[PDB]
**Q** 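Following this message is one structure expressed as structure tokens.
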Amino acid sequence: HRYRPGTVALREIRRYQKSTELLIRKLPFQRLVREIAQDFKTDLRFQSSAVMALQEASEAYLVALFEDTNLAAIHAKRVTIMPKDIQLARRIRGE
Amino acid sequence: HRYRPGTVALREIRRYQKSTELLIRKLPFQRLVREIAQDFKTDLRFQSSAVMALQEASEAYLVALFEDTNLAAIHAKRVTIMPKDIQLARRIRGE
Amino acid sequence: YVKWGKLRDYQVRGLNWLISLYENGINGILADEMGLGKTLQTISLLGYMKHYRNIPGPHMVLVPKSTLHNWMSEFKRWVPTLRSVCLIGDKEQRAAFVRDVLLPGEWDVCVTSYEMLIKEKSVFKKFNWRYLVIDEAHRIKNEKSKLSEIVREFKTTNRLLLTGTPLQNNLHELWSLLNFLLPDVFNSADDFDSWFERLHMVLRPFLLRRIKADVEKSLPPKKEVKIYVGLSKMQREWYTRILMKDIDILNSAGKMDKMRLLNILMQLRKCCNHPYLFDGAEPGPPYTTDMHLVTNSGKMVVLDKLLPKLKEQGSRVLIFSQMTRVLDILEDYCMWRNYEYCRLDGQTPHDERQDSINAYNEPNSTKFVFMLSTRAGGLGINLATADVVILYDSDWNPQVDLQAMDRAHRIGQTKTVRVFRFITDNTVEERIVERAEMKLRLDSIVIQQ
Amino acid sequence: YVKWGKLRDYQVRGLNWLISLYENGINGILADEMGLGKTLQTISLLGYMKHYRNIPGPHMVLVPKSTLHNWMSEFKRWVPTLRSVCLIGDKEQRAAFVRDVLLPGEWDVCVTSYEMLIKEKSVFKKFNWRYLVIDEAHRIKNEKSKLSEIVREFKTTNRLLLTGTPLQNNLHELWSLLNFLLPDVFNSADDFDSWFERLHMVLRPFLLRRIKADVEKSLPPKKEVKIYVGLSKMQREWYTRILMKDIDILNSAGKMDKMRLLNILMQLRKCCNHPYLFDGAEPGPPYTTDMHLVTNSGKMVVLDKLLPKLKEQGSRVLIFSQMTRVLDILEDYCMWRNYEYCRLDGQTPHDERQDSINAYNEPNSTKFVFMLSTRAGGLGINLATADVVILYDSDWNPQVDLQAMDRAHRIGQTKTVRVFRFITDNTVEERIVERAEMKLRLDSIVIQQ
Amino acid sequence: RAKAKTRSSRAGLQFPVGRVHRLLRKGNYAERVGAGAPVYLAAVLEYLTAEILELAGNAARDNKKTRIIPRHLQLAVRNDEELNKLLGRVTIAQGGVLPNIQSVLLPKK
Amino acid sequence: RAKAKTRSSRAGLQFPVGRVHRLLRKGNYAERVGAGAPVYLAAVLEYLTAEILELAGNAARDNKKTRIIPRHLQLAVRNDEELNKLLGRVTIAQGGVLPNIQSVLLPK
Amino acid sequence: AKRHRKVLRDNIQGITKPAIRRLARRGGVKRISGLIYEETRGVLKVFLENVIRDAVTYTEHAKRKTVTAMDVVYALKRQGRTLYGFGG
Amino acid sequence: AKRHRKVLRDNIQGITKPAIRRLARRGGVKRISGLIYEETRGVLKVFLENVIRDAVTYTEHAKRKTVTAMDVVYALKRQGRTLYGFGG
Amino acid sequence: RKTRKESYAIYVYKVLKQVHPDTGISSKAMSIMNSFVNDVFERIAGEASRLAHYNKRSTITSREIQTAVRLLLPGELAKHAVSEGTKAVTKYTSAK
Amino acid sequence: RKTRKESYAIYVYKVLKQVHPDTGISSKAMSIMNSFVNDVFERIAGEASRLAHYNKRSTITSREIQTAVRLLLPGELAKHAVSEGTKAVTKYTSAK
DNA sequence: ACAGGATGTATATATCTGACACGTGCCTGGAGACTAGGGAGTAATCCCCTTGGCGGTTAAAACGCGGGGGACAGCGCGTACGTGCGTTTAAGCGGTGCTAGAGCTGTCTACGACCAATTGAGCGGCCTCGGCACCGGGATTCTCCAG
DNA sequence: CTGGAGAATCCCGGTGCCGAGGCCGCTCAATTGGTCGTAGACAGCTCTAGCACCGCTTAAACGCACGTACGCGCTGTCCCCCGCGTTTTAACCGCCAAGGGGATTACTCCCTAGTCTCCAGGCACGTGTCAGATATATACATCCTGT
Ligand SMILES: Nc1ncnc2c1ncn2[C@@H]1O[C@H](COP(=O)(O)OP(=O)(O)O)[C@@H](O)[C@H]1O
Ligand SMILES: Nc1ncnc2c1ncn2[C@@H]1O[C@H](COP(=O)(O)OP(=O)(O)O)[C@@H](O)[C@H]1O
Ligand SMILES: [Mg+2]
Ligand SMILES: [Mg+2]
């Protein structure tokens, strides 16, 4: 038994949209946050709640950018998102 | 003689992208501003420079929207602007 | 030297006075009452300056557009030894005339409108002029106007003003004319203030005036009649709703919305003339119907007095108005009556204007009504044939009206001229007529020299 | 009732004391020195509670994961009339055992790890238990730990703690054990404070301790040797750059960037053990091995003392460390030497662990080195065969080390056990050893009853 | 002196008039603050509070919960055309995404 | 009383230190304001002013005209990446669009 | 009829097609569809409504009947449409 | 070698392909090209740089070595990225 | 501890029980509700302050807060918020 | 009678002359420069105000302006500007 | 076209756990009630600047319609993305110990706001010779088409 | 392919003009100097919470392979733009005329901030208990295949 291409994916669009959880693993993100900050100032410490504010803000930003990317893909009559659709969304938003 | 379809469109782009004049005619815009306003309050008088401030802001907004609209049509592999390209640009902007 | 006919004794005395201004080295104003042939007194002066002083040099005349073809005709008739030329027309025609006629220098008088001067100002400043005559000089009464500024930049040995309404609204307006003539005498309006019972002291050296009642005992005096009229029931309705400012009226549904009234005075003035001027007011979008026009305007109800006049010999009539739309409704009334008529306005082309005047003035002409706008038709044009004048509207400035009446009362008028003025009784038209009369008092129509 | 062998007189007296606690209705602590055969005293108590009091009811034992196969073996050996069962394994195995073995109720002792209890807490709370034995009871010293909370929710007629290090760091960490045993006596730590020269007064009713030096005169005492070592030149370089905090080190170019140091003490501790623990520190990305590695660590230079030991009869050795990577580098050293060895660590699976212990302990076994991580390998397992102990690292808690040494010094040890502790001389390893000794003073290894 | 009555009780409000006045006086908005300014502002903040909690409580009820949680609040704000305009630039934590799948993407029939 | 010396002369600046202090004191920015604060802010406002007018002057000379006009200011801000980032949400009156066609639209 | 010769369009129609085409050309648009004129008028009208409504709120607050240039500049600033040149 | 058994990736790689796919599924994306995964990492890194730089400017001003939750909330607010839930 | 922390939480709960007597609310949701009240307060007081300055006035009054509410809220919320503010100020003035 | 209106025009003129001595400027370009100076003054002063409230201080000082400048200005503009302002305070405090 | 087979999804019931919910004790911002002195409101004055609309003149909008550009549907082709297997991996959860550095209280003194007094930069008013808009002369040089 | 013709801005030199820089006068905000009182620097102390390591569990991600929906290059298609010229209408600018209403200053007197004092709302605190969690079970959905 194999489901047809595209049916498992729609099931997923439905699950993740219902849930409210964070999707990136948390240890991996904390390490990136800490590496980016070493460039600006050295030897900083971080409240446990401060990295969670960064992760909530980051995942909210990426989910919203993926909506604009999918409308720019469907405008060009495709269902597959591509790097050019991300770039047009970021240009029309002025960033 | 006859120039070819789109040759004079390029001269017009260059000519209007050199000048800083207002392109909409002034008297017809002054009547538009006054009618919209009579719904918000009646018997308003107006400073002459308040209408010029409204026209400068209005032409600046439309020119900038037509630039975002043109990018969308090139993205869809076309050269002619369509009503759906204005609608995509406004939607992605957040209007 | 003057060929076609003989000047009258007062025109002879006026010529000798203009010559005496030239020999004394002064400029001055000629301001005889309207209808007194100021035009010929001027044409005769230029003939003198050529035949006796040997000055064939360039001279300029500025005129209203509606009188350019009269002046030219008069030059051709009385003094054919002057070489008069006229500038008018589209950009190509002005360029062609400048290139092929003006700059050659084969002429001695140049005749132009005030618009043609503002257009060709850079061409005309090349030449050095011997005389600058402005006619209807009241046009330059505001020194801050463009024409007034442009006109003071010219090289001119002599200057001259012709006007029959030398006073208009205030002493500064008259100072503004003296400051063109002798700018080095009347250095300021603050100096004219104080100089001012100082009646004729300042004026006599530089002004001359004569009145028809003194110098033409044979011309019949004017008769003046006010006719007070009530509003129609429809006008009474609109006049009350306009005051309340609940006109409403919207042709694109929106439950009639509201109409904007930032100036109510003009809305009240419109209404008095006719209700149909307003939007959606004429009953029935088809329109076509006609006797209803006469009924819904208290002025038009009275205007059927035109039927008595036509039957009462040829009491041919002139009708003056301040609103162009009113000539529209009067023209539809005359067309629906099948009357014979002429119309002059501000939108008429130049060639047409003089044809109309000629057709109405012919000895065997059959046109009964001439419709004239008051600002274009009220100045310069002569129409001695008509016996009657109607003022449908009333102007804030009294002098504008006086001129319009005088289009008929002038040399060559064989009969008494009747003037009828319409006034709606209990409205702002009372206050307008009272204000205009308050301004007459300070002028007083001084006879002067 | 006890079959395979005889309890020594102190084991007999300990049994009679445990029975006297039961008959007095109290719980208590058995805390003989390590290597005194505590395990058999507990197995004999359960045999009594069945054969003489007729209580075959359920009993529970909690243990560290590395000792689950020893306890089971001993039940099978000394008292075969008890019906012991053991919970361990993947989710499916735990579900199968719960369903098919536990709930049937065909057993009288249940043996589990602390993780298996934390997983199956909702199953085990169904049953009403007759005895709850915890081993290495120091694990529950912090009352806020999740095991300590979970363990107080059980229905238990009797409770028991087995530990040879009853004191750890402070009087609150001992009160936390008394509050599991008799919560209605030691109502609070603020009440235990003040109760406290009050030596043995509180303890004697609920604690019993005996020392190998009193009760086993035949066992040879330990010999303890500190070996102070200097740093290598490379270690001296890194130890100074770490203090300056200019380690730099970046494998992805960026001119070496900077390594972050929010905790410098752990970086200094790493360095003392070996320089290669750090990134990019080994010379040559190919790696190469060979004595270059040995020459760069002052501890490893000395560790070639293993060659004397191997030649000096079978002085088989145990090596203890606190860092998992250090066992890696020691394992590469032993592989490069071609030595025979075993290794136990926290990553190891359960089945493998006991096989290793068995293979090393066999009468004809050839393995020279056993590498043990100090947390997982330092508790419970018995390895009487080896004569020598090496402590490469030093722990902040003195008691952790003591236990590790005692893996060898236990009943059945025929020979004097030598303990070697490595210390880098002018570094933070001095301060760590000084504080651990400051903590020993307050404990003093009280002999007690 | 007479026994105290809170200014919120006089205005007929649940939010604090006194705290709001202090906040405004110490926030450096104007060098003076009027007496009615704190009462008008407390009325508006309580009204806007009630508008959100009414929609959030309906969302909790439809989801069969007795307790409002951050997801219920998102659903309320984003399904109301005025609250989503008032709050178009705020991120609510643990607030999900309204469910929407574009039509082109769905299976064919 | 000694001869007065305006605070801008003491700091070596052309913009007004005294006026800036009044504007800050009366503008509701803080309960108090220090004496070094108007000096720092006046120096930054004069630097940013000189940064614009320098490039505006060059755009005027490139057009061969002696007076700066409002288009010259637009050509300067838009052609510099940091001034265009600082002034990215601003419209300037009588300001044209920089000349530009997407290459897709140009003839073959 | 002389009276009815003239006919009036709506005030939105005053924004003619020749003019929309020029504002597209300043924006670099080469070719335009015939439906855009209706769409562009709808979009400008929504922009003017939102700016004017606020400019009048400011005027009412000041108790004045005349809309000034500053009322327009403050309304544009509050919406992120900062304008230079008209004061402020 | 036991010593070299483990190998370390860059910290950007910790945002895995499985982690990006779920985010696009919450956004309603059905199908994704394979070059979108490196593009997304570049975009997040630019977002984190701009928020962190400011959160550290605030921390330095307060003379503290620890970044707090309020330092992050004020940085997001100043950029138009208001966040509710973490105080303020 | 040794330091208090003010919040709107008790006021949000007193209103909750008038709107829905049966329901309760979580601590995470109450923290979002406290953030909403703080954000809206700072918006309305920023417009009021500016309005006063433009018109050259020293005082913030209810007339400036009414206009700030009209500039900030969408149309259906603005008309209701103005009705609730004017009802409160009339009632307050009757007791004052 | 007719009241005075303040502007930056005479300082803008004196700085132009220092940069381009022969160049002039039109009255409309002056209105735009006067608008620019006021926009940038308001941005810096608004950030400097908040930073003090966050840290519970009642005084604005050169340190709060320095942080405000680093938050608002782009990267290179910020560096040069910071140097210009710290230079001006160094010269001023030598001559106060 | 649509029969069973297969799969994930729904919800029924049970017992279970840990965030909410009450009330307690406690303490510091809100509220009383006068004096202070400015902002604010309202009168009245003056005269800047906005609302009509004719007259005249050009320019820009409008209409119509020849003709070739781009918009768009369809086909076929081919490799890049979905899917599921088994596999290996590190995130997560717990636990130990240490100590950096957030936080508080109590103390002391540089700083800024304030006042009154004096004086000069900066305001508006009145000025004018020179920047550069404009017109009409010729210069290449854009583009296009029929040889 | 490309010569040729012929409409496109493009320099060039003259002509006039009200924009911009200069100065005048004199207005009213900056600076000097003194004084006051309290923001904030600073030292000290305490003790919370942020950092490392390992142990252990098993969700999770890794890579492998399989096979198909859909990415995107050509073609044909035939509609609706672009460009021209024409006729047509209305915008721009100049003109006068009136009087709404911005603006000023002046007067008077309601408003709010200040102070001190006072006692009850709101803070954190600690504890019982019930919405919520999730375990097992099954019943009904919807997808997929093949015939
Ligand atoms: N001396 C005269 N002889 C014959 N006709 C005259 C004489 N003077 C004037 N007229 C006629 O009287 C008419 C009015 O003259 P006009 O120049 O219009 O006077 P004004 O210009 O002062 O109104 C003219 O048409 C002219 O033909
Ligand atoms: N009575 C006894 N007879 C023989 N050997 C014993 C006896 N008691 C203990 N041992 C030995 O003790 C060793 C382990 O002791 P153990 O029970 O682990 O002590 P503890 O539990 O205190 O660490 C076993 O190898 C066992 O042989
Ligand atoms: Mg005449
Ligand atoms: Mg043991």
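All values below come from the heavy atoms of this structure, side chains included, with hydrogens, waters and symmetry mates left out. Residue numbers begin at 1 in each chain, while the letters A, B, ... track the order of the sequences.
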**Q** When you measure from the side chain of C/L262, which nucleotide among K/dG70, L/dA52, K/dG52 comes out closest?
**A**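 Nearest nucleotide to the side chain: K/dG52.
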
**Q** For nucleotides 15-18 of chain K, give me every protein contact, N/O to N/O, under 3.5 Å, one pair per line with atom names.
**A**
{"from": "K/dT17", "atom 1": "OP1", "to": "D/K125", "atom 2": "NZ", "distance (Å)": "3.3"}

**Q** Partners of J/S58 by side-chain hydrogen bond (donor to acceptor under 3.5 Å, both in side chains), sequence neighbours excluded?
**A**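 So J/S58 forms a side-chain hydrogen bond (donor to acceptor under 3.5 Å, both in side chains) with F/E31.
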
**Q** With B/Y3, which residues qualify under ring-ring contact (aromatic ring centres under 6.0 Å, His included), at least two apart?
**A**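 Counting only residues at least two positions away or on another chain, B/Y3 forms a ring-ring contact (aromatic ring centres under 6.0 Å, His included) with B/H1.
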
**Q** Could you run down the sub-3.5 Å N/O contacts of the protein with nucleotides 96-98 of chain L?
**A**
{"from": "L/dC96", "atom 1": "OP1", "to": "C/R139", "atom 2": "O", "distance (Å)": "3.1"}
{"from": "L/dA97", "atom 1": "OP1", "to": "C/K141", "atom 2": "NZ", "distance (Å)": "3.1"}
{"from": "L/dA98", "atom 1": "OP1", "to": "C/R435", "atom 2": "NH2", "distance (Å)": "3.0"}
{"from": "L/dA98", "atom 1": "OP1", "to": "C/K439", "atom 2": "NZ", "distance (Å)": "3.1"}

**Q** G/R5: which residues meet the side-chain hydrogen bond (donor to acceptor under 3.5 Å, both in side chains) condition with it, sequence neighbours left out?
**A**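 Expected list: C/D328.
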
**Q** With sequence neighbours left out, write down each residue that passes side-chain hydrogen bond (donor to acceptor under 3.5 Å, both in side chains) with E/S8, or none if nothing qualifies.
**A**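 Result, side-chain hydrogen bond (donor to acceptor under 3.5 Å, both in side chains) vs E/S8: E/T6.
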
**Q** Which dot-bracket string fits DNA chain L when only Watson-Crick or G-U wobble pairs with both atom distances under 3.5 Å count, crossing pairs get [ ], and | stands for a partner on a different strand?
**A** .......||.|...........|......|||........|||..|..||...||||..........|..|.......|..|....|..|||||||||.|.|..|..||...|..|.....|.....|....|.||....|......

**Q** side-chain hydrogen bond (donor to acceptor under 3.5 Å, both in side chains) with H/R21: which residues, sequence neighbours excluded?
**A**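 side-chain hydrogen bond (donor to acceptor under 3.5 Å, both in side chains) list for H/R21, sorted by chain: H/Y37.
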
**Q** Does K/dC129 have a Watson-Crick or wobble mate here (both distances under 3.5 Å), and if so which one?
**A**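 No nucleotide pairs with K/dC129.
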
**Q** Treating primed atoms plus P, OP1 and OP2 as sugar-phosphate and everything else as base, which nucleotides of nucleotides 80-93 of chain K get B, S or - for protein heavy atoms under 4.0 Å?
**A** -SSBS------SS-

**Q** Can you build the contact string for nucleotides 41-47 of chain K? Use B for base contact, S for sugar-phosphate-only contact, and - for no protein heavy atom under 4.0 Å.
**A** S------

**Q** Polar pairs (N or O, both sides) under 3.5 Å between protein and nucleotides 75-77 of chain L?
**A**
none

**Q** Starting at the 5' end of nucleotides 22-33 of chain L, put B wherever the base has a protein heavy atom under 4.0 Å, S where only the sugar-phosphate does, and a dash everywhere else.
**A** -----SS-SSBS

**Q** With the cut-offs of 5.5 Å between six-membered ring centres and 30° between planes, do L/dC47 and L/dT48 count as stacked?
**A**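 Under the 5.5 Å and 30 degree rule, these bases do not stack.
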
